[PDB]
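Right, one structure below, let's go through it.
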Amino acid sequence: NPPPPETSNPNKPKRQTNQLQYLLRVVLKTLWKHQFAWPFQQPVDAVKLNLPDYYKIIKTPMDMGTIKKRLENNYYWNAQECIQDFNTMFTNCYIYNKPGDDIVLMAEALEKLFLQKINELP
Ligand SMILES: Cc1ccc(-n2nc(C(=O)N3CCN(C)CC3)nc2-c2ccc3c(c2)N(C2CCCC2)[C@H](C)C(=O)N3C)c(C)c1
């Protein structure tokens, strides 16, 4: 398993905006409780899953556990940067798997809810 993405970085400039607080308070925390959220709450554990292929395919891994910690640590400059991590998470899933796979269906459901919630930001 590779090291998970960084959640703090003393040399990177940080910011806290209304949009970012909303991404944590509303967008992430509602997505988290969704019945299909559990696969995406931590990095893919390829060792546990016996998927030595996953990290051969996915070069920029991302997950909501990481995003959560990054929001909690004020790691982001703006909302858009955080939104890019959500979209990287979803697109990783669609790259690695095939349409109709159970995990893809799960990601699809979360992505629509995600898009619905970010449609209007503070
Ligand atoms: C349908 C399904 C949903 C989730 C999971 N599990 N289970 C754990 C686990 O070992 N966990 C998670 C929950 N926790 C409580 C115990 C540890 N991890 C995942 C998991 C997380 C993320 C992904 C995948 C699996 N798959 C795919 C791998 C083949 C099938 C789909 C690929 C990597 C995909 O791209 N991503 C995003 C499984 C076995 C089947």
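We label chains A, B, ... in the order they appear in the structure tokens, count residues from 1 in each chain, and number ligands from 1 in the order shown.
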>> Could you list, as number ranges by chain, all residues that come within 8 Å of ligand 1? Count only C-alpha atoms and all ligand atoms.
In response: A: 38-40, 42-46, 48-49, 51, 54, 63, 89-90, 92-97, 101-104, 106-107
> Near stretch 116-118 of chain A, counting only C-alpha atoms, which residues have an atom at most 10 Å away, once you skip same-chain residues fewer than 4 positions from it, shown as a ChimeraX atom specification?
Replying inline: /A:19,22-23,26-28,30-31,79,83,110-112,122
>> List the spatial neighbours of residue A:13 as a PyMOL selection string - criterion: any atom at most 10 Å away, only C-alpha atoms, same-chain residues fewer than 6 positions off excluded.
In response: chain A and resi 74-77
Restricting the output to C-alpha atoms, write the selected residues as an mmCIF file, in the first residue's frame.
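What landed in again34.cif:
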data_model
loop_
_atom_site.group_PDB
_atom_site.id
_atom_site.type_symbol
_atom_site.label_atom_id
_atom_site.label_comp_id
_atom_site.auth_asym_id
_atom_site.auth_seq_id
_atom_site.Cartn_x
_atom_site.Cartn_y
_atom_site.Cartn_z
ATOM 1 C CA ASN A 74 -7.601 23.662 6.787
ATOM 2 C CA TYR A 75 -5.230 22.148 4.201
ATOM 3 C CA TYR A 76 -7.039 23.685 1.210
ATOM 4 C CA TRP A 77 -6.683 27.155 -0.380
#
Based on the backbone DSSP call, show me all residues of chain A assigned helix (DSSP H, G or I), as a PDB file with N, CA and C atoms, in the first residue's frame.
ATOM      1  N   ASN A  18     -15.832  30.401   3.889  1.00  0.00           N
ATOM      2  CA  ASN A  18     -17.198  29.940   4.119  1.00  0.00           C
ATOM      3  C   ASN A  18     -17.538  28.714   3.285  1.00  0.00           C
ATOM      4  N   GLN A  19     -17.128  28.711   2.019  1.00  0.00           N
ATOM      5  CA  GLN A  19     -17.307  27.559   1.175  1.00  0.00           C
ATOM      6  C   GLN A  19     -16.647  26.302   1.741  1.00  0.00           C
ATOM      7  N   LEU A  20     -15.477  26.440   2.368  1.00  0.00           N
ATOM      8  CA  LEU A  20     -14.735  25.293   2.866  1.00  0.00           C
ATOM      9  C   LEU A  20     -15.388  24.740   4.099  1.00  0.00           C
ATOM     10  N   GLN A  21     -15.963  25.616   4.930  1.00  0.00           N
ATOM     11  CA  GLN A  21     -16.575  25.207   6.176  1.00  0.00           C
ATOM     12  C   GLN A  21     -17.835  24.459   5.760  1.00  0.00           C
ATOM     13  N   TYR A  22     -18.522  24.942   4.735  1.00  0.00           N
ATOM     14  CA  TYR A  22     -19.708  24.286   4.202  1.00  0.00           C
ATOM     15  C   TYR A  22     -19.441  22.879   3.618  1.00  0.00           C
ATOM     16  N   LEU A  23     -18.336  22.761   2.871  1.00  0.00           N
ATOM     17  CA  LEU A  23     -17.864  21.468   2.353  1.00  0.00           C
ATOM     18  C   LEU A  23     -17.642  20.437   3.444  1.00  0.00           C
ATOM     19  N   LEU A  24     -17.102  20.848   4.571  1.00  0.00           N
ATOM     20  CA  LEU A  24     -16.968  19.970   5.710  1.00  0.00           C
ATOM     21  C   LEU A  24     -18.295  19.798   6.454  1.00  0.00           C
ATOM     22  N   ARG A  25     -18.954  20.890   6.828  1.00  0.00           N
ATOM     23  CA  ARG A  25     -20.139  20.770   7.712  1.00  0.00           C
ATOM     24  C   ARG A  25     -21.322  20.109   7.028  1.00  0.00           C
ATOM     25  N   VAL A  26     -21.551  20.454   5.778  1.00  0.00           N
ATOM     26  CA  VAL A  26     -22.720  19.979   5.080  1.00  0.00           C
ATOM     27  C   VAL A  26     -22.373  18.928   4.032  1.00  0.00           C
ATOM     28  N   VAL A  27     -21.480  19.234   3.104  1.00  0.00           N
ATOM     29  CA  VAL A  27     -21.308  18.336   1.964  1.00  0.00           C
ATOM     30  C   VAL A  27     -20.671  16.998   2.423  1.00  0.00           C
ATOM     31  N   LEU A  28     -19.573  17.077   3.142  1.00  0.00           N
ATOM     32  CA  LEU A  28     -18.871  15.863   3.468  1.00  0.00           C
ATOM     33  C   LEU A  28     -19.653  15.035   4.509  1.00  0.00           C
ATOM     34  N   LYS A  29     -20.183  15.715   5.507  1.00  0.00           N
ATOM     35  CA  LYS A  29     -20.757  15.029   6.617  1.00  0.00           C
ATOM     36  C   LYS A  29     -22.086  14.402   6.248  1.00  0.00           C
ATOM     37  N   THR A  30     -22.797  14.932   5.251  1.00  0.00           N
ATOM     38  CA  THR A  30     -23.960  14.201   4.733  1.00  0.00           C
ATOM     39  C   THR A  30     -23.609  13.006   3.807  1.00  0.00           C
ATOM     40  N   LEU A  31     -22.671  13.201   2.878  1.00  0.00           N
ATOM     41  CA  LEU A  31     -22.142  12.114   2.088  1.00  0.00           C
ATOM     42  C   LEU A  31     -21.631  10.958   2.923  1.00  0.00           C
ATOM     43  N   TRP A  32     -20.977  11.265   4.037  1.00  0.00           N
ATOM     44  CA  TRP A  32     -20.410  10.282   4.936  1.00  0.00           C
ATOM     45  C   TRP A  32     -21.463   9.279   5.448  1.00  0.00           C
ATOM     46  N   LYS A  33     -22.679   9.759   5.716  1.00  0.00           N
ATOM     47  CA  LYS A  33     -23.734   8.931   6.336  1.00  0.00           C
ATOM     48  C   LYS A  33     -24.557   8.140   5.343  1.00  0.00           C
ATOM     49  N   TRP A  38     -19.414   3.845   2.821  1.00  0.00           N
ATOM     50  CA  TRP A  38     -18.399   3.091   3.527  1.00  0.00           C
ATOM     51  C   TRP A  38     -17.127   2.707   2.728  1.00  0.00           C
ATOM     52  N   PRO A  39     -17.235   2.321   1.440  1.00  0.00           N
ATOM     53  CA  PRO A  39     -15.991   2.096   0.665  1.00  0.00           C
ATOM     54  C   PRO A  39     -15.018   3.303   0.514  1.00  0.00           C
ATOM     55  N   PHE A  40     -15.560   4.525   0.656  1.00  0.00           N
ATOM     56  CA  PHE A  40     -14.881   5.772   0.329  1.00  0.00           C
ATOM     57  C   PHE A  40     -14.444   6.574   1.540  1.00  0.00           C
ATOM     58  N   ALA A  46      -5.298  -2.057  -0.562  1.00  0.00           N
ATOM     59  CA  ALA A  46      -5.070  -3.056  -1.584  1.00  0.00           C
ATOM     60  C   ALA A  46      -4.498  -4.365  -1.033  1.00  0.00           C
ATOM     61  N   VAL A  47      -3.739  -4.254   0.064  1.00  0.00           N
ATOM     62  CA  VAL A  47      -3.163  -5.418   0.696  1.00  0.00           C
ATOM     63  C   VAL A  47      -4.286  -6.263   1.267  1.00  0.00           C
ATOM     64  N   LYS A  48      -5.158  -5.641   2.053  1.00  0.00           N
ATOM     65  CA  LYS A  48      -6.251  -6.376   2.663  1.00  0.00           C
ATOM     66  C   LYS A  48      -7.162  -7.000   1.599  1.00  0.00           C
ATOM     67  N   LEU A  49      -7.478  -6.216   0.583  1.00  0.00           N
ATOM     68  CA  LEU A  49      -8.334  -6.675  -0.510  1.00  0.00           C
ATOM     69  C   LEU A  49      -7.693  -7.651  -1.513  1.00  0.00           C
ATOM     70  N   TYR A  54      -4.428  -2.469  -8.035  1.00  0.00           N
ATOM     71  CA  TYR A  54      -5.118  -1.188  -7.846  1.00  0.00           C
ATOM     72  C   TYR A  54      -4.150  -0.056  -7.977  1.00  0.00           C
ATOM     73  N   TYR A  55      -3.077  -0.094  -7.184  1.00  0.00           N
ATOM     74  CA  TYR A  55      -2.086   0.992  -7.190  1.00  0.00           C
ATOM     75  C   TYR A  55      -1.119   0.946  -8.412  1.00  0.00           C
ATOM     76  N   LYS A  56      -1.156  -0.128  -9.182  1.00  0.00           N
ATOM     77  CA  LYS A  56      -0.555  -0.170 -10.543  1.00  0.00           C
ATOM     78  C   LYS A  56      -1.361   0.638 -11.583  1.00  0.00           C
ATOM     79  N   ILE A  57      -2.658   0.810 -11.331  1.00  0.00           N
ATOM     80  CA  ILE A  57      -3.579   1.525 -12.209  1.00  0.00           C
ATOM     81  C   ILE A  57      -3.846   2.967 -11.762  1.00  0.00           C
ATOM     82  N   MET A  64     -12.655   9.920   0.943  1.00  0.00           N
ATOM     83  CA  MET A  64     -13.274  10.933   1.857  1.00  0.00           C
ATOM     84  C   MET A  64     -12.628  11.038   3.224  1.00  0.00           C
ATOM     85  N   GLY A  65     -11.989   9.980   3.720  1.00  0.00           N
ATOM     86  CA  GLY A  65     -11.209  10.063   4.960  1.00  0.00           C
ATOM     87  C   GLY A  65     -10.109  11.122   4.853  1.00  0.00           C
ATOM     88  N   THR A  66      -9.405  11.101   3.723  1.00  0.00           N
ATOM     89  CA  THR A  66      -8.385  12.039   3.431  1.00  0.00           C
ATOM     90  C   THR A  66      -8.946  13.440   3.275  1.00  0.00           C
ATOM     91  N   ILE A  67     -10.003  13.564   2.478  1.00  0.00           N
ATOM     92  CA  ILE A  67     -10.635  14.840   2.283  1.00  0.00           C
ATOM     93  C   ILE A  67     -11.098  15.419   3.652  1.00  0.00           C
ATOM     94  N   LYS A  68     -11.706  14.589   4.487  1.00  0.00           N
ATOM     95  CA  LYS A  68     -12.191  14.994   5.806  1.00  0.00           C
ATOM     96  C   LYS A  68     -11.108  15.608   6.678  1.00  0.00           C
ATOM     97  N   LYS A  69     -10.040  14.833   6.864  1.00  0.00           N
ATOM     98  CA  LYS A  69      -8.821  15.311   7.517  1.00  0.00           C
ATOM     99  C   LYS A  69      -8.269  16.554   6.901  1.00  0.00           C
ATOM    100  N   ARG A  70      -8.177  16.651   5.572  1.00  0.00           N
ATOM    101  CA  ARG A  70      -7.703  17.905   4.928  1.00  0.00           C
ATOM    102  C   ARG A  70      -8.580  19.119   5.260  1.00  0.00           C
ATOM    103  N   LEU A  71      -9.898  18.937   5.232  1.00  0.00           N
ATOM    104  CA  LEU A  71     -10.841  20.017   5.624  1.00  0.00           C
ATOM    105  C   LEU A  71     -10.653  20.356   7.091  1.00  0.00           C
ATOM    106  N   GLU A  72     -10.530  19.342   7.934  1.00  0.00           N
ATOM    107  CA  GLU A  72     -10.379  19.533   9.394  1.00  0.00           C
ATOM    108  C   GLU A  72      -9.128  20.298   9.687  1.00  0.00           C
ATOM    109  N   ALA A  79     -12.415  26.150  -2.084  1.00  0.00           N
ATOM    110  CA  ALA A  79     -13.384  25.061  -2.261  1.00  0.00           C
ATOM    111  C   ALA A  79     -13.102  24.263  -3.475  1.00  0.00           C
ATOM    112  N   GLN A  80     -12.789  24.961  -4.558  1.00  0.00           N
ATOM    113  CA  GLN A  80     -12.516  24.306  -5.819  1.00  0.00           C
ATOM    114  C   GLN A  80     -11.428  23.196  -5.689  1.00  0.00           C
ATOM    115  N   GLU A  81     -10.412  23.438  -4.865  1.00  0.00           N
ATOM    116  CA  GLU A  81      -9.328  22.484  -4.653  1.00  0.00           C
ATOM    117  C   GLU A  81      -9.874  21.238  -3.976  1.00  0.00           C
ATOM    118  N   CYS A  82     -10.750  21.445  -2.996  1.00  0.00           N
ATOM    119  CA  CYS A  82     -11.402  20.335  -2.314  1.00  0.00           C
ATOM    120  C   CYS A  82     -12.326  19.560  -3.259  1.00  0.00           C
ATOM    121  N   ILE A  83     -13.094  20.286  -4.061  1.00  0.00           N
ATOM    122  CA  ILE A  83     -13.983  19.695  -5.073  1.00  0.00           C
ATOM    123  C   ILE A  83     -13.190  18.849  -6.067  1.00  0.00           C
ATOM    124  N   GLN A  84     -11.999  19.321  -6.472  1.00  0.00           N
ATOM    125  CA  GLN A  84     -11.097  18.504  -7.328  1.00  0.00           C
ATOM    126  C   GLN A  84     -10.744  17.140  -6.654  1.00  0.00           C
ATOM    127  N   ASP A  85     -10.515  17.103  -5.334  1.00  0.00           N
ATOM    128  CA  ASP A  85     -10.282  15.826  -4.661  1.00  0.00           C
ATOM    129  C   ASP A  85     -11.527  14.903  -4.754  1.00  0.00           C
ATOM    130  N   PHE A  86     -12.725  15.433  -4.522  1.00  0.00           N
ATOM    131  CA  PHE A  86     -13.943  14.616  -4.712  1.00  0.00           C
ATOM    132  C   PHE A  86     -13.986  14.062  -6.114  1.00  0.00           C
ATOM    133  N   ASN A  87     -13.795  14.912  -7.124  1.00  0.00           N
ATOM    134  CA  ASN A  87     -13.854  14.427  -8.489  1.00  0.00           C
ATOM    135  C   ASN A  87     -12.731  13.420  -8.808  1.00  0.00           C
ATOM    136  N   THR A  88     -11.558  13.570  -8.218  1.00  0.00           N
ATOM    137  CA  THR A  88     -10.500  12.563  -8.386  1.00  0.00           C
ATOM    138  C   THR A  88     -10.922  11.179  -7.781  1.00  0.00           C
ATOM    139  N   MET A  89     -11.435  11.174  -6.552  1.00  0.00           N
ATOM    140  CA  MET A  89     -12.057   9.996  -5.971  1.00  0.00           C
ATOM    141  C   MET A  89     -13.057   9.272  -6.897  1.00  0.00           C
ATOM    142  N   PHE A  90     -14.030  10.009  -7.416  1.00  0.00           N
ATOM    143  CA  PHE A  90     -15.030   9.420  -8.306  1.00  0.00           C
ATOM    144  C   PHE A  90     -14.409   8.902  -9.592  1.00  0.00           C
ATOM    145  N   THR A  91     -13.577   9.697 -10.225  1.00  0.00           N
ATOM    146  CA  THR A  91     -12.994   9.307 -11.499  1.00  0.00           C
ATOM    147  C   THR A  91     -12.020   8.109 -11.379  1.00  0.00           C
ATOM    148  N   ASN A  92     -11.300   8.009 -10.263  1.00  0.00           N
ATOM    149  CA  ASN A  92     -10.485   6.818  -9.950  1.00  0.00           C
ATOM    150  C   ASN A  92     -11.349   5.560  -9.995  1.00  0.00           C
ATOM    151  N   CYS A  93     -12.501   5.621  -9.324  1.00  0.00           N
ATOM    152  CA  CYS A  93     -13.427   4.497  -9.284  1.00  0.00           C
ATOM    153  C   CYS A  93     -13.850   4.091 -10.723  1.00  0.00           C
ATOM    154  N   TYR A  94     -14.157   5.063 -11.554  1.00  0.00           N
ATOM    155  CA  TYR A  94     -14.669   4.793 -12.924  1.00  0.00           C
ATOM    156  C   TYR A  94     -13.568   4.287 -13.864  1.00  0.00           C
ATOM    157  N   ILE A  95     -12.356   4.756 -13.649  1.00  0.00           N
ATOM    158  CA  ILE A  95     -11.198   4.237 -14.334  1.00  0.00           C
ATOM    159  C   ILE A  95     -10.928   2.790 -13.956  1.00  0.00           C
ATOM    160  N   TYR A  96     -10.851   2.505 -12.648  1.00  0.00           N
ATOM    161  CA  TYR A  96     -10.314   1.210 -12.207  1.00  0.00           C
ATOM    162  C   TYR A  96     -11.303   0.059 -12.511  1.00  0.00           C
ATOM    163  N   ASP A 102     -20.802  -3.185  -8.811  1.00  0.00           N
ATOM    164  CA  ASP A 102     -21.396  -2.682  -7.567  1.00  0.00           C
ATOM    165  C   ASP A 102     -20.765  -1.354  -7.028  1.00  0.00           C
ATOM    166  N   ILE A 103     -19.437  -1.265  -7.028  1.00  0.00           N
ATOM    167  CA  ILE A 103     -18.700  -0.088  -6.475  1.00  0.00           C
ATOM    168  C   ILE A 103     -18.918   1.165  -7.314  1.00  0.00           C
ATOM    169  N   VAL A 104     -19.066   0.956  -8.621  1.00  0.00           N
ATOM    170  CA  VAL A 104     -19.358   2.001  -9.552  1.00  0.00           C
ATOM    171  C   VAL A 104     -20.761   2.551  -9.323  1.00  0.00           C
ATOM    172  N   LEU A 105     -21.727   1.663  -9.136  1.00  0.00           N
ATOM    173  CA  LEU A 105     -23.067   2.066  -8.780  1.00  0.00           C
ATOM    174  C   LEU A 105     -23.070   2.888  -7.487  1.00  0.00           C
ATOM    175  N   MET A 106     -22.261   2.465  -6.539  1.00  0.00           N
ATOM    176  CA  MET A 106     -22.136   3.152  -5.243  1.00  0.00           C
ATOM    177  C   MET A 106     -21.553   4.575  -5.459  1.00  0.00           C
ATOM    178  N   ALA A 107     -20.491   4.659  -6.254  1.00  0.00           N
ATOM    179  CA  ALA A 107     -19.846   5.933  -6.543  1.00  0.00           C
ATOM    180  C   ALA A 107     -20.799   6.877  -7.279  1.00  0.00           C
ATOM    181  N   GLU A 108     -21.501   6.339  -8.271  1.00  0.00           N
ATOM    182  CA  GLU A 108     -22.544   7.097  -9.015  1.00  0.00           C
ATOM    183  C   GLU A 108     -23.579   7.789  -8.092  1.00  0.00           C
ATOM    184  N   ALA A 109     -24.153   7.022  -7.166  1.00  0.00           N
ATOM    185  CA  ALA A 109     -25.097   7.522  -6.170  1.00  0.00           C
ATOM    186  C   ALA A 109     -24.519   8.666  -5.309  1.00  0.00           C
ATOM    187  N   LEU A 110     -23.304   8.456  -4.774  1.00  0.00           N
ATOM    188  CA  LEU A 110     -22.608   9.512  -4.032  1.00  0.00           C
ATOM    189  C   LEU A 110     -22.296  10.737  -4.883  1.00  0.00           C
ATOM    190  N   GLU A 111     -21.863  10.537  -6.127  1.00  0.00           N
ATOM    191  CA  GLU A 111     -21.543  11.639  -7.008  1.00  0.00           C
ATOM    192  C   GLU A 111     -22.741  12.515  -7.288  1.00  0.00           C
ATOM    193  N   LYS A 112     -23.903  11.929  -7.580  1.00  0.00           N
ATOM    194  CA  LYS A 112     -25.127  12.751  -7.756  1.00  0.00           C
ATOM    195  C   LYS A 112     -25.538  13.556  -6.521  1.00  0.00           C
ATOM    196  N   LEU A 113     -25.481  12.932  -5.372  1.00  0.00           N
ATOM    197  CA  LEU A 113     -25.724  13.633  -4.129  1.00  0.00           C
ATOM    198  C   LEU A 113     -24.694  14.778  -3.916  1.00  0.00           C
ATOM    199  N   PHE A 114     -23.410  14.482  -4.191  1.00  0.00           N
ATOM    200  CA  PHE A 114     -22.338  15.458  -4.126  1.00  0.00           C
ATOM    201  C   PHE A 114     -22.648  16.647  -5.057  1.00  0.00           C
ATOM    202  N   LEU A 115     -22.974  16.381  -6.318  1.00  0.00           N
ATOM    203  CA  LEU A 115     -23.268  17.432  -7.274  1.00  0.00           C
ATOM    204  C   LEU A 115     -24.507  18.261  -6.863  1.00  0.00           C
ATOM    205  N   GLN A 116     -25.516  17.574  -6.347  1.00  0.00           N
ATOM    206  CA  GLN A 116     -26.741  18.206  -5.804  1.00  0.00           C
ATOM    207  C   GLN A 116     -26.388  19.169  -4.667  1.00  0.00           C
ATOM    208  N   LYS A 117     -25.551  18.752  -3.731  1.00  0.00           N
ATOM    209  CA  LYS A 117     -25.164  19.620  -2.579  1.00  0.00           C
ATOM    210  C   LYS A 117     -24.246  20.791  -2.930  1.00  0.00           C
ATOM    211  N   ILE A 118     -23.350  20.618  -3.901  1.00  0.00           N
ATOM    212  CA  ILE A 118     -22.443  21.722  -4.255  1.00  0.00           C
ATOM    213  C   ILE A 118     -23.024  22.663  -5.295  1.00  0.00           C
TER     214      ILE A 118
END
> atom CA of residue A:121 to atom CA of residue A:37: how many Å, to one decimal?
Replying inline: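 Value for the atom CA of residue A:121-atom CA of residue A:37 distance: 21.7 Å.
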>> Measuring between only C-alpha atoms, which one of A:1, A:78, A:119, A:7 shows the shortest distance to residue A:58?
In response: A:1
>> So the first atom is atom CA of residue A:16 and the second is atom CA of residue A:73; what is the distance between them in Å, to one decimal place?
In response: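 Here the two named atoms are 9.5 Å from each other.
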